[PDB]
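J.: Sharing a structure with you now.
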Amino acid sequence: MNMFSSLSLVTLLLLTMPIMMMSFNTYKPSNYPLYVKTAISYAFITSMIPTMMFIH
Amino acid sequence: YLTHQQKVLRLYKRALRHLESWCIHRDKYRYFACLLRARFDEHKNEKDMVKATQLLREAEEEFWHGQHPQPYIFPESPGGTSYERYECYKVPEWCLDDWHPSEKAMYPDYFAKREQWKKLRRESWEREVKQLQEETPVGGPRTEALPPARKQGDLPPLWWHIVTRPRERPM
Amino acid sequence: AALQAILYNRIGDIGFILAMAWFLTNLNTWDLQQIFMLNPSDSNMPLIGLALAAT
Amino acid sequence: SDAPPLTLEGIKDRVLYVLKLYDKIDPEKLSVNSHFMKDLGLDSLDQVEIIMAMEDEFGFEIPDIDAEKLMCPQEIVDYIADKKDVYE
Amino acid sequence: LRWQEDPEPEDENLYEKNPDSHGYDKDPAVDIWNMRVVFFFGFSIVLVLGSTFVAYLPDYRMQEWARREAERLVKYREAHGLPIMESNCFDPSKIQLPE
Amino acid sequence: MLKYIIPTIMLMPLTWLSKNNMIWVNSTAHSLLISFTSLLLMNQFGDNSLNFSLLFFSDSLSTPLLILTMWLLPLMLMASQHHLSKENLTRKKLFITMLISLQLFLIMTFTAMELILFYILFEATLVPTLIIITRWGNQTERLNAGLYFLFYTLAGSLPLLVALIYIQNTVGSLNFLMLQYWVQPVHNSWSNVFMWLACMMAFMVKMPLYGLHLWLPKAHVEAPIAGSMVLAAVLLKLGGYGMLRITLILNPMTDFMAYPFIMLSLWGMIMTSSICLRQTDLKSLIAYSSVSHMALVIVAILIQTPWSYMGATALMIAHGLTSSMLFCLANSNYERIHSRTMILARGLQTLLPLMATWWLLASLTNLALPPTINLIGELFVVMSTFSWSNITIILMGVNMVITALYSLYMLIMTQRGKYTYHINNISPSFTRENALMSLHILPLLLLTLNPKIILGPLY
Amino acid sequence: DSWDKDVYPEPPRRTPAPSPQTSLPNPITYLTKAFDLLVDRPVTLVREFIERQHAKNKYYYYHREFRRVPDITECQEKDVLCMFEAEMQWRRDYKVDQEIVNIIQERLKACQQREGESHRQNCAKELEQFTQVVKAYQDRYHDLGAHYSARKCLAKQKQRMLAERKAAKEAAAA
Amino acid sequence: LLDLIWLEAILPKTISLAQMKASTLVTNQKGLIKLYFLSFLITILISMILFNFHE
Amino acid sequence: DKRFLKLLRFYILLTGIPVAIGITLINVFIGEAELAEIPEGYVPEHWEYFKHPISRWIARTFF
Amino acid sequence: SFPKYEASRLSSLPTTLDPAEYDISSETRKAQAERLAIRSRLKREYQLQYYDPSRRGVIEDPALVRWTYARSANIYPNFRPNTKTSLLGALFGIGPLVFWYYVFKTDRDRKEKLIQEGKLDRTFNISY
Amino acid sequence: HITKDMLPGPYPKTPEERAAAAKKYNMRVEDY
Ligand SMILES: C[C@H](CCC(=O)O)[C@H]1CC[C@H]2[C@@H]3[C@H](O)C[C@@H]4C[C@H](O)CC[C@]4(C)[C@H]3C[C@H](O)[C@]12C
Ligand SMILES: [Zn+2]
C-alpha cells in the first residue's frame with residue numbers, strides 16, 4: 001500500500017506542475033507545448049504501477 | 001434595386017452551386033450543368049416583360065422546392081466553418097500609439113516609416129474635406145460611391161481605413 | 001456553441017443538485033461509502049436526478 | 001497556414017490558364033486586358049460561369065455585387081490580389 | 001447659448017506625459033509611492049501575513065476540542081458498557097411534568 | 001470595540017492635515033492598517049460570543065461583516081482616484097470624510113449590543129450614503145435616485161422604531177444577550193401580526209425583497225463608483241444581518257407569516273434573473289443580479305434551519321466581493337468610452353488582454369462555479385429549502401440555469417466578438433485598475449481554503 | 001504514539017502469502033525494492049533528523065476539561081446568571097455529541113470499504129450502532145430550529161415524555 | 001410591465017400623486033380675511049355639536 | 001500588463017519567502033507539542049491548550 | 001407541383017418569393033431611391049468624423065441613445081392603466097404567486113400531518 | 001450631446017407629428 005498510495009497521487013500532482021510553473025513564471029517560453037506533452041507521458045507511466053498492482 | 005437582368009444571373013449562379021451539391025461528382029455534375037444552361041438559352045431572347053418576369057418568378061418556385069437542404073458553403077464565406085476564424089487577431093492599427101518606448105525601440109524601422117505614413121495622413125486631410133464639399137449636391141450624397149483624386153499631390157478621399165485595414169491572416 | 005453547451009449542462013445539473021439534497025436529507029451523507037451501506041429502498045427520486053444529469 | 005504564398009505573377013498565370021481551357025475562347029487572341037463582352041464576344045451568362053471557374057481555382061467566393069463588375073482578366077487578377085493581400 | 005458655459009473638456013490620457021504611469025497620480029513622484037503602499041500593505045501585509053494568521057488561528061470554535069472530548073466519551077462509554085448516546089438530554093428525574 | 005472606532009475617527013484628522021498631493025496616499029495606507037488589525041476579532045469561542053462591554057459585542061455573525069466592511073474602505077479610495085482628479089481639493093477631502101463616516105457607523109452597527117443603538121446607527125448610514133450619490137453622481141437621474149433611496153428605507157424604519165420601544169417596555173430591555181434568556185413565545189393574535197411586520201419590514205427593503213426593490217436599480221446605477229461598491233456589498237447585508245437577530249423574538253409566528261415572503265423571493269429570483277438577459281445598461285445588469293442573490297438570503301433566514309443560517313452568511317460575504325468586483329470592472333470600461341450602454345464597446349478581449357481575465361473570474365463566481373464560496377453558500381440554501389419542501393428544487397434549479405446565461409452573456413457581449421471600429425481610445429489597463437480587481441478576487445478564492453470563518457454562529 | 005485503537009476499531013490483518021506459479025519475473029516485487037531504496041530510505045533519514053530535533057525542546061499542550069455545573073432544569077426563570085451557565089454548557093454538549101455521531105460514521109464508512117463485496121453481511125455490527133446513535137441524536141437535537149436553546153430542547157423532551165407516559169397508559173392498561 | 005409600470009404604479013407613483021393633490025387643496029387659498037374667519041365659526045359649531053368638546 | 005504581474009509576484013513573494021522560510025524553521029527545530037494529562041493541582045495558562053507553536057503565540061500575545 | 005411557402009414570425013418570407021419584389025412601378029422605385037438617400041446621408045456624417053486624424057474618442061450615436069432611452073426611461077410616461085395592462089398585470093404579476101403559495105401550503109401541511117401521526121420515514125435525517 | 005426634441009416621446013396623433021417623428025428617427029413618412 002505504501003507504494004500504491006504515493007504513485008496514485010503523484011499522477012495528479014505531476015499534471016499540475018506545468019500550471020504552477022507557468023503561473024509564477026518559472027519556465028522557459030517556446031517549449032511549453034513540449035513541456036506539457038512530456039508531463040502527460042511521465043504521468044501515463046506512473047499511472048501504470050497502481051494499475052498493475054490492481055490487476056495482480 | 002436589382003434589375004431583371006441582374007436577377008437571372010444571381011438565379012443562375014445560385015442554381016449551379018446547389019446543383020453541384022446533388023451531383024458531387026464532376027462527371028455527373030457537368031452533364032446537368034449543360035442541361036441547366038440550355039433552359040436559360042431557350043427563352044433568353046424573348047423581350048416581353050410579362051413573360052420574362054413570370055418565368056423568373058416561376059423558376060424561383062422550382063428552385064426553392066429543389067434546393068439542397070445542406071448546400072456547399074466555402075470555408076471562409078458567410079455561414080462557413082472558417083468564416084471569421086481570424087477575427088480575433090485583427091488588431092486595429094491605432095493600438096500602436098499606446099506602446100511603451102521600450103517596445104517601440106525594438107522596431108526602429110517600422111516606427112520610422114509609420115511616421116512617414118502618419119505625416120502623410122495629416123497633409124492629405126484638409127484637401128479631401130474640401131473636395132467632397134464642392135461635388136456634394138446641395139441636399140447631400142445620393143449614392144454610396146466616393147470620387148477619385150482629381151489632381152497631382154492628392155489621395156482618394158477617405159482612404160485611411162481602406163488602405164491600412166488588417167491583413168486577412170495577421171498571424 | 002460555447003453558450004449552448006453551458007445551457008444544456010446546467011439543465012442536467014438540476015438532477016445533480018437534486019440527488020445531493022435527497023442523500024443529505026434521507027441519509028445524512030455525501031460519501032459513496034455510506035450511501036451504499038444504507039442502500040435506500042425508495043430511490044426513484046435520487047436516481048432520476050442522476051439520470052437527468054447523465055442526459 | 002502552411003500553404004504557398006500567392007504572387008502577382010502566379011495569380012495571373014492561373015487566371016489565363018483556366019480561360020485557355022475554356023472551349024469558347026480562342027487561345028491566341030486572349031491577353032491580360034481582354035474584355036469578355038466586346039473584344040471576345042461573350043454574353044452575361046458566360047461571365048457568370050467564368051467567375052465560378054476562377055473561385056473554384058482559388059477556393060474563395062466572390063460576391064454577386066462585385067462578380068458582375070469584373071469583365072477583364074486583369075480585373076480578376078487585381079480582385080483576387082486584393083482579397084488575399086498580395087503586394088508583389 | 002442661453003448661458004456662458006465652458007466647453008466640455010476633452011479627456012486627458014495619463015500615458016502621454018508619463019509613459020511609465022501607474023494610473024494613480026499625474027505627479028510621477030507621487031504616482032510611484034501610491035503604487036508601493038497599495039501593493040505593499042495590500043498584498044504583503046494583509047494577504048500574506050493575514051492568510052498566515054487565519055491559518056494558524058488557535059482552535060476555532062473549539063471544533064478540535066469536541067473531537068478529543070468525543071473520543072474520551074466513546075472510550076469510556078464502551079468500556080463500561082453504557083449506551084454511547086442517551087435519548088434524553090436532561091435526566092428524567094429532575095423534571096416534574098404537568099399533572 | 002474602541003480599538004477600531006478611534007482609529008477610524010483618526011482618518012479624518014489625518015486626511016485634512018495631510019499635504020495636498022498625499023491625501024490619497026495617506027488615506028489608503030492607514031485604512032489598510034485598520035483592515036490588518038481587524039483580524040483580531042476572530043477570537044470567537046464555540047459557546048460564548050465575545051462581549052467587550054455593555055455597548056459592543058462581536059459573535060461569529062458580525063466578524064465576517066466587520067472584516068469585509070473595513071477591507072472595502074482602502075479599495076473605494078483607489079476606485080475614486082480617477083474621476084476625482086479634476087476636482088477641487090476641499091471637496092475631495094469632504095468626499096473622503098463621508099466614506100470614513102460610513103465605515104465608523106457600520107463597524108458600530110454590526111457590534112451594537114442594544115437594538116436601539118442598532119437602529120440609530122442603522123439609520124445614520126443614510127446621510128453619508130445619500131450625500132455621496134447626489135453630490136458626486138454623473139447623471140441627472142441621481143437626484144431622483146436619492147429620493148427613492150431615502151423614503152423607501154424610512155417608510156419601513158419608522159414602524160420598527162415603534163416596535164423596539166414597545167418591546168422594551170413590555171419585556172424590560174433590548175440588549176441582545178438578555179433577549180436570548182428572556183424571550184417569550186409570540187401568541188398568535190391580530191395585534192402581533194403587526195408587531196411581526198413592523199420588526200421585519202424595515203429589514204426587507206434593504207435586502208431588498210422583490211416588489212419593494214425599485215430603489216436598487218436607481219441607487220446602484222446613478223451612484224458613483226465608491227457608492228455602488230459599498231451599496232451592494234455592505235449596505236444590503238444590514239437587512240439580512242438585522243433579520244438574523246430580530247427573528248429571535250418572533251417565534252413561533254415566523255412559521256406561518258413567512259409564506260407571502262418566501263413566495264415573493266422564490267418567484268422573485270426567476271423574475272429578476274430573467275430581467276438581466278434583456279438589459280442594455282451594463283451597470284443595471286449587475287444591479288439586478290444583487291436582488292436575485294439576496295432573495296436566497298431572505299428565504300434562508302425565514303425557514304430558520306441551521307443549514308440556511310450557515311449558507312446565508314456565506315452568500316452575503318461571497319456576494320459582496322463579487323458585486324463589488326463587477327462594478328469596478330464595469331466602471332473601467334465607463335472611464336474610457338463614457339457611455340454605460342453594454343453593446344457600444346464590444347470585442348475588448350483583443351485590446352485589453354489582461355482585463356478580459358478578471359471578467360472571467362468575476363463571471364465564473366457569479367454563476368456559482370464550485371468550489372468558490374458563492375457555491376458553498378448557494379448549495380447549502382438549496383439543501384435547507386429542499387427539506388422545507390421538495391418542490392423548491394424546481395424554482396432553485398431554474399435560477400442556476402438563468403444565472404449562467406446572463407453572466408456569460410455579459411462576458412460575450414462586451415469582451416468577445418469584433419472590436420468597435422470607431423472606438424480609438426481604449427488605453428492599456430493601468431496598474432491601479434489591475435490592483436483593484438486583484439484585491440477583490442484573491443481574497444474571494446483563499447476563503448475557499450478555510451470557509452469556516454464565513455459560516456456564521458451555527459458552525 | 002498514535003490514535004487509540006479502541007475508538008477506531010480495525011479488524012486483524014490477514015495477508016495471503018505469495019504463490020507464484022510461473023517462471024516470469026514479478027514487476028511488483030522489483031518495483032517495491034526500487035521504491036524502498038530510492039524513495040522510502042531517503043524519506044526516513046530526513047524524518048529521523050527532524051524527529052531528533054523535537055527531542056531537544058519538548059513541551060506539552062493539555063486537554064481542557066470543564067467542571068460540570070447545574071443544568072437548565074435547576075435554573076429559576078429569568079435568572080440570567082444561572083441560565084447563562086446552563087446554556088453555555090448545553091452548547092458544548094451539542095458540539096461534542098455531533099462528534100460522537102461523526103466517529104460512528106467513520107466506522108461505518110471504513111467497514112464498507114474494507115469488506116469489499118461482502119459489506120452487506122460483515123458490517124451489520126457497525127450499521128446497527130449507527131441506527132442507534134442517530135435515533136438518540138434526533139431525539140435531543142432535532143427540529144429545534146436555528147435559534148436552538150436549552151429551553152427549547154427541554155420543552156421537546158417534556159413533550160416526548162408526556163406522549164411516552166401517556167401512550168403507555170392505554171397500551172399498558174389492557 | 002411588472003417592474004417599470006406596475007410596481008411603480010401602486011406604491012411609489014400613486015402615493016406621491018395623492019400628496020401633490022392634497023397639497024393643492026390646503027394651499028389653494030385666496031388670502032381673504034373674510035373667508036378664513038368664517039371657517040373658525042364652523043370649527044366651533046362642529047366642536048360643540050358634533051363632537052361635544054365643550055363637555 | 002506584464003509589468004503589473006511582475007510587481008504582484010515580487011510583493012507576494014516579498015513577505016512570502018520569509019514566511020515560507022520562517023514556518024519551515026519553526027516546524028523542524030521547534031516542532032509541535034505533545035498531549036499530556038494535567039498534573040494534579042496545576043492550572044495551565046490559557047495559551048497551554050493548543051498544539052502548534054504559532055497558534056500558541058497568537059493566544060499569548062493578542063487574544 | 002410547388003406547394004405554397006407559408007411563413008411565420010420564426011421563418012421569414014424569402015425575398016425571392018415576395019410578390020412585391022416582382023411587381024415594380026415608378027412610384028415604388030422612387031421610395032428605394034430615397035431610402036438609399038438617407039442611408040447615404042448618414043454614412044458621410046459618420047465617415048467625416050470617423051476618418052478624421054485629430055480625433056481620439058467615441059462617436060456619439062443618437063440612434064443608440066434613442067433605443068436605450070426608450071427601453072428604460074420612457075415606458076412609464078406612456079402607460080395608460082387600460083384593461084389590457086390591468087388584466088395582464090394581475091395574471092402575470094399576482095397570478096404566479098397565488099399558484100406557488102398553495103403548492104407549498106398543501107405539501108407542507110401534508111408533510112406535517114404525516115410527522116404528527118409518525119408515519120414518515122426519517123430514520124437518518126439529522127441535517128436540516 | 002442630445003437635445004430634448006431628438007428623443008422618443010408620446011404617441012403621435014396628427015399627421016404633422018408623424019411626419020416630424022419620422023425625421024427624428026431618420027426614416028420616411030411612408031415607412032415610419
Ligand atoms: C524533457 C523535455 C523534452 C526533452 C526532449 O524531448 O528532448 C524538456 C522540454 C523543455 C524542458 C523544461 C524547460 O527547460 C524549463 C525548466 C528548466 C529545467 O530543465 C527544469 C524543468 C523545466 C520545466 C524543463 C523540464 C524538461 O527538461 C523539459 C520539459
Ligand atoms: Zn475618461
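By convention in this document, the chains of the C-alpha cells carry letters A, B, ... by their order, each chain's residues are numbered from 1, and ligands are numbered from 1 in the order they are shown.
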List every residue of chain F that has an atom at most 9 Å from any atom of ligand 2, and for each one report the closest atom pair and its distance in Å to one decimal, counting only C-alpha atoms and all ligand atoms, with rows sorted by chain and then by increasing residue number, as a tab-separated table.
T.:
residue	atom	partner	partner_atom_place_in_ligand_line	distance
F:82	CA	ligand 2	1 (Zn)	8.5
F:83	CA	ligand 2	1 (Zn)	7.7
F:334	CA	ligand 2	1 (Zn)	7.5
F:335	CA	ligand 2	1 (Zn)	4.3
F:336	CA	ligand 2	1 (Zn)	4.6
F:337	CA	ligand 2	1 (Zn)	6.8
F:338	CA	ligand 2	1 (Zn)	6.4
J.: Write as a list in words the residues around ligand 1, taking 10 Å as the cut-off and counting only C-alpha atoms and all ligand atoms.
T.: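 Written in the requested form, the residues are residues 17, 18, 21, 22, 26, 27, 28, 29, 30, 31, 32, 33, 34, 35, 36, 37, 38 and 39 of chain A.
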J.: Need to verify the contact set: residue 54 of chain D, 10 Å, only C-alpha atoms, exclusion of same-chain residues closer than 5 positions in sequence. Can you return it as a PyMOL selection string?
T.: chain D and resi 14-19+49+59-62+76-77+80
J.: Near chain B, which residues of chain J fall within 12 Å when you count only C-alpha atoms, and what do they look like as number ranges by chain?
T.: J: 1-5, 13-24, 28-56
J.: What are the nearest atom pairs, with distances in Å to one decimal, for all residues of chain F that come at most 7 Å from chain E, using only C-alpha atoms, set out by chain and rising residue number as a Markdown table?
T.:
| residue | atom | partner | partner_atom | distance |
| --- | --- | --- | --- | --- |
| F:25 | CA | E:34 | CA | 5.2 |
| F:29 | CA | E:37 | CA | 6.0 |
| F:32 | CA | E:41 | CA | 6.4 |
| F:36 | CA | E:46 | CA | 5.7 |
| F:44 | CA | E:61 | CA | 6.2 |
| F:45 | CA | E:61 | CA | 4.5 |
| F:46 | CA | E:61 | CA | 3.7 |
| F:81 | CA | E:24 | CA | 6.7 |
| F:430 | CA | E:23 | CA | 5.2 |
| F:431 | CA | E:22 | CA | 5.0 |
| F:432 | CA | E:23 | CA | 5.7 |
J.: When the cut-off is 10 Å and we count only C-alpha atoms, which residues of chain A are near chain I, given as a CSV table (one decimal) with N, CA and C atoms, in the first residue's frame?
T.:
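Listing of selection.csv after writing:
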chain,number,residue,atom,x,y,z
A,23,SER,N,2.4,29.8,-13.8
A,23,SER,CA,1.7,30.9,-13.1
A,23,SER,C,2.7,31.9,-12.5
A,24,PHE,N,3.7,31.4,-11.8
A,24,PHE,CA,4.7,32.3,-11.2
A,24,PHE,C,5.9,32.6,-12.2
A,25,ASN,N,5.8,32.2,-13.4
A,25,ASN,CA,6.8,32.5,-14.5
A,25,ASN,C,8.1,31.9,-14.1
J.: Based on only C-alpha atoms, which of the residues in chain I come within 12 Å of chain G? I want them as a ChimeraX atom specification.
T.: /I:24-39,42-53,55-56
J.: Output the selection as a short mmCIF file (atom, residue, chain, number, x, y, z; two decimals), in the first residue's frame - N, CA, C and O atoms for each residue.
T.:
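Written output follows (part-v5.cif):
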data_model
loop_
_atom_site.label_atom_id
_atom_site.label_comp_id
_atom_site.auth_asym_id
_atom_site.auth_seq_id
_atom_site.Cartn_x
_atom_site.Cartn_y
_atom_site.Cartn_z
N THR I 24 8.93 26.89 8.03
CA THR I 24 9.66 25.63 7.97
C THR I 24 10.64 25.49 9.13
O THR I 24 10.76 24.42 9.73
N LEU I 25 11.36 26.57 9.45
CA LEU I 25 12.34 26.50 10.53
C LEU I 25 11.68 26.20 11.87
O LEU I 25 12.22 25.44 12.68
N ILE I 26 10.51 26.79 12.12
CA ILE I 26 9.81 26.55 13.38
C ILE I 26 9.43 25.08 13.50
O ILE I 26 9.61 24.45 14.55
N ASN I 27 8.89 24.51 12.42
CA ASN I 27 8.46 23.12 12.47
C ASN I 27 9.64 22.17 12.67
O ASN I 27 9.55 21.22 13.46
N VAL I 28 10.75 22.41 11.97
CA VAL I 28 11.87 21.48 12.03
C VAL I 28 12.57 21.56 13.38
O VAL I 28 12.91 20.53 13.98
N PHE I 29 12.81 22.77 13.88
CA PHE I 29 13.64 22.96 15.07
C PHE I 29 12.86 23.17 16.35
O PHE I 29 13.44 23.02 17.43
N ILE I 30 11.57 23.51 16.28
CA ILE I 30 10.78 23.74 17.48
C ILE I 30 9.61 22.77 17.53
O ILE I 30 9.15 22.40 18.61
N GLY I 31 9.13 22.35 16.36
CA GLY I 31 8.14 21.30 16.28
C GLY I 31 6.86 21.60 17.04
O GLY I 31 6.73 22.65 17.66
N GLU I 32 5.92 20.66 17.00
CA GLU I 32 4.66 20.81 17.71
C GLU I 32 4.86 20.45 19.18
O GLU I 32 5.99 20.28 19.65
N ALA I 33 3.77 20.34 19.92
CA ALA I 33 3.80 19.95 21.32
C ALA I 33 3.36 18.50 21.45
O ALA I 33 3.16 17.79 20.46
N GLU I 34 3.21 18.04 22.69
CA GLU I 34 2.73 16.70 22.99
C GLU I 34 1.58 16.79 23.98
O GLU I 34 1.55 17.67 24.84
N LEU I 35 0.63 15.87 23.84
CA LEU I 35 -0.54 15.85 24.71
C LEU I 35 -0.19 15.17 26.03
O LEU I 35 0.38 14.07 26.04
N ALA I 36 -0.53 15.82 27.14
CA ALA I 36 -0.23 15.31 28.47
C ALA I 36 -1.46 15.47 29.36
O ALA I 36 -2.31 16.33 29.13
N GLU I 37 -1.54 14.62 30.38
CA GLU I 37 -2.56 14.75 31.40
C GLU I 37 -2.20 15.88 32.35
O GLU I 37 -1.04 16.02 32.76
N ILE I 38 -3.19 16.69 32.71
CA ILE I 38 -2.96 17.87 33.53
C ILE I 38 -2.47 17.42 34.90
O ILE I 38 -3.15 16.64 35.58
N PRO I 39 -1.30 17.88 35.37
CA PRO I 39 -0.82 17.44 36.68
C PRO I 39 -1.77 17.84 37.79
O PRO I 39 -2.46 18.86 37.72
N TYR I 42 -2.62 21.71 39.29
CA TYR I 42 -1.95 22.63 38.39
C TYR I 42 -2.98 23.28 37.47
O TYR I 42 -3.89 22.60 36.97
N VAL I 43 -2.84 24.58 37.27
CA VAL I 43 -3.75 25.36 36.45
C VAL I 43 -2.97 25.90 35.26
O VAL I 43 -2.30 26.93 35.36
N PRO I 44 -3.01 25.23 34.11
CA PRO I 44 -2.26 25.71 32.95
C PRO I 44 -2.76 27.07 32.49
O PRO I 44 -3.94 27.40 32.63
N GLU I 45 -1.85 27.85 31.93
CA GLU I 45 -2.23 29.13 31.35
C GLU I 45 -3.08 28.91 30.10
O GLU I 45 -3.05 27.85 29.48
N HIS I 46 -3.84 29.94 29.74
CA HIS I 46 -4.82 29.79 28.68
C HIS I 46 -4.18 29.56 27.32
O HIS I 46 -4.88 29.14 26.39
N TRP I 47 -2.88 29.81 27.17
CA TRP I 47 -2.17 29.51 25.94
C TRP I 47 -1.46 28.16 26.01
O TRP I 47 -0.56 27.90 25.20
N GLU I 48 -1.87 27.29 26.93
CA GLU I 48 -1.32 25.95 27.06
C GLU I 48 -2.38 24.89 26.79
O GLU I 48 -2.41 23.84 27.44
N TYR I 49 -3.26 25.15 25.83
CA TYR I 49 -4.26 24.18 25.40
C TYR I 49 -4.30 24.02 23.89
O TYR I 49 -5.26 23.45 23.37
N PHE I 50 -3.29 24.51 23.17
CA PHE I 50 -3.23 24.41 21.72
C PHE I 50 -1.93 23.75 21.32
O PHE I 50 -0.95 23.74 22.07
N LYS I 51 -1.91 23.21 20.10
CA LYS I 51 -0.84 22.33 19.65
C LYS I 51 0.31 23.10 19.01
O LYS I 51 1.46 23.01 19.47
N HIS I 52 0.03 23.86 17.96
CA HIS I 52 1.09 24.40 17.12
C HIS I 52 1.79 25.56 17.83
O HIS I 52 1.15 26.34 18.54
N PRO I 53 3.11 25.71 17.64
CA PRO I 53 3.80 26.84 18.29
C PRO I 53 3.29 28.20 17.85
O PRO I 53 3.27 29.13 18.65
N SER I 55 0.19 29.03 16.81
CA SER I 55 -1.11 29.32 17.40
C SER I 55 -0.98 29.74 18.85
O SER I 55 -1.66 30.67 19.31
N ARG I 56 -0.10 29.08 19.60
CA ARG I 56 0.15 29.46 20.99
C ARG I 56 0.77 30.85 21.10
O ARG I 56 0.69 31.46 22.17
#
J.: Using only C-alpha atoms, find which residues of chain G lie within 8 Å of chain A and jot them down as a list in words.
T.: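 Residues of chain G within 8 Å of chain A, counting only C-alpha atoms: residues 28, 32 and 35 of chain G.
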J.: Using N, CA, C and O atoms, can you write the selected residues to a file as an mmCIF file, in the first residue's frame?
T.:
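As a result, out-v6.cif now contains:
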data_model
loop_
_atom_site.group_PDB
_atom_site.id
_atom_site.type_symbol
_atom_site.label_atom_id
_atom_site.label_comp_id
_atom_site.auth_asym_id
_atom_site.auth_seq_id
_atom_site.Cartn_x
_atom_site.Cartn_y
_atom_site.Cartn_z
ATOM 1 N N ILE G 28 6.065 -6.191 -9.725
ATOM 2 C CA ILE G 28 5.721 -5.569 -8.450
ATOM 3 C C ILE G 28 6.839 -5.785 -7.439
ATOM 4 O O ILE G 28 7.207 -4.870 -6.692
ATOM 5 N N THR G 32 8.845 -2.693 -5.902
ATOM 6 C CA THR G 32 8.827 -2.483 -4.460
ATOM 7 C C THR G 32 10.235 -2.250 -3.929
ATOM 8 O O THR G 32 10.454 -1.361 -3.098
ATOM 9 N N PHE G 35 11.312 1.221 -4.940
ATOM 10 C CA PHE G 35 10.614 2.196 -4.110
ATOM 11 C C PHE G 35 11.207 2.247 -2.708
ATOM 12 O O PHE G 35 11.400 3.331 -2.146
#
J.: For residue 95 of chain G, please output as a ChimeraX atom specification all residues within 12 Å (counting only C-alpha atoms; exclusion window: fewer than 3 positions along the same chain).
T.: /E:61-70 /F:45-47,458-459 /G:88-92,98-102,137,141
